[PDB]
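K.L.:
just coords:
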Ligand SMILES: CCOP(=O)(COc1ccc(C[C@H](NC(=O)O[C@H]2CO[C@H]3OCC[C@H]32)[C@H](O)CN(CC(CC)CC)S(=O)(=O)c2ccc3c(c2)OCO3)cc1)OCC
């Protein structure tokens, strides 16, 4: 589809057996999701933005479905105020910017 | 242009007669630039990101040219980690997400 930017580009995603709403975020290198108890091993990480850094748990090789487009990659879990789909997964679903 | 997301979507902008690099950021409601001198009146504002809130200077009706496309709108100036072009201006240059 084509998503205009009058409002926040929110879409439904499926991860770890659950449905959620997440932002398609071209400014995000990585994908950051609200706190959730995924299984498996993880590695600590810190990611920075406006306001400073937050601590997150890096899970690798996680499947996410974004508007029916499947994508598997690294997902960070932590106290983010919003679920954020970053470029690591946006590339996998063929997402481009166009003007 | 059509911009893929394997690299950061960085572009050259022209504001206050000065060229800069900025990130096309569909996850930002507003446009936030690193500290710089801009003419005209401004009002203290605050914006929240991944790591909390910062203090910024709000400039309204600022002329800014993005990858050859002109926009006139609100530009926030403050301690952001990177120059970001937010949806308030992405809409003006006709930017959409597509996949
Ligand atoms: C909504 C309820 O909470 P809230 O109101 C705001 O919550 C939000 C809403 C949107 C975002 C997304 C964020 N947007 C943003 O900062 O925009 C602000 C300016 O415009 C305003 O409009 C929205 C917020 C304001 C960027 O798109 C992406 N970011 C990087 C970018 C930072 C400049 C470039 C470096 S990143 O998230 O930090 C990040 C992600 C993965 C990474 C990484 C860094 O590093 C490696 O991987 C984050 C928090 O207040 C909370 C205190």
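P.N.:
That came in fine, so what should we check first? Numbering: from 1, shown residues only, chains lettered A, B, ... in the order given.
K.L.:
element containing residue A:76, please.
P.N.:
Using DSSP states H and E, residue A:76 falls within strand A:69-77.
K.L.:
for that strand, which strands pair with it and how are they oriented?
P.N.:
strand A:32-33 (parallel), strand A:52-66 (antiparallel) (DSSP bridges).
K.L.:
quick one: closest of the ones you listed to residue B:23.
P.N.:
strand A:32-33 (16.3 Å; CB to CB). Every residue, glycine included, has its C-beta placed from N, CA and C.
K.L.:
run through who's touching that closest one.
P.N.:
Contact with strand A:32-33 is made by A:15, A:20, A:22, A:47, A:56, A:75-78, A:80, A:83-84, A:86, B:50, as judged by CB atoms under 8 Å, 6 or more residues apart in numbering or on different chains.
K.L.:
OK, contacts around whichever residue of chain A sits closest to chain B?
P.N.:
As assessed by CB to the nearest CB, chain B sits closest to residue A:50 within chain A, at 2.6 Å. When contacts are counted by CB under 8 Å, 6+ apart, residue A:50 touches B:32, B:47, B:48, B:49, B:50, B:51, B:52, B:54, B:80, B:81.
K.L.:
in CSV: the strands paired with strand A:69-77, plus mean neighbour count and distance to residue A:26.
P.N.:
Formatted as CSV, the strands paired with strand A:69-77 follow (neighbours: other CB atoms under 10 Å in any protein chain shown; distance: least, CB to CB, whole Å):
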stretch, mean neighbour count, distance to residue A:26
strand A:32-33, 26, 14
strand A:52-66, 17, 14
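K.L.:
now these as TSV including distance to residue A:96?
P.N.:
Output for these, formatted as TSV (distance: least, CB to CB, whole Å):
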stretch	distance to residue A:96
strand A:32-33	21
strand A:52-66	14
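K.L.:
can I get those strands in JSON lines including distance to the ligand?
P.N.:
As requested, the strands paired with strand A:69-77 are exported to JSON lines (distance: least, CB to the nearest ligand atom, whole Å):
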{"stretch": "strand A:32-33", "distance to the ligand": "5"}
{"stretch": "strand A:52-66", "distance to the ligand": "8"}
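K.L.:
of all these, which one comes closest to residue A:40?
P.N.:
Nearest of the strands paired with strand A:69-77 (CB to CB): strand A:52-66, 6.3 Å.
K.L.:
run through who's touching that closest one.
P.N.:
A:11, A:13-16, A:22, A:24, A:31-32, A:38, A:40-47, A:70-80, A:85, A:89, A:93, B:50-52.
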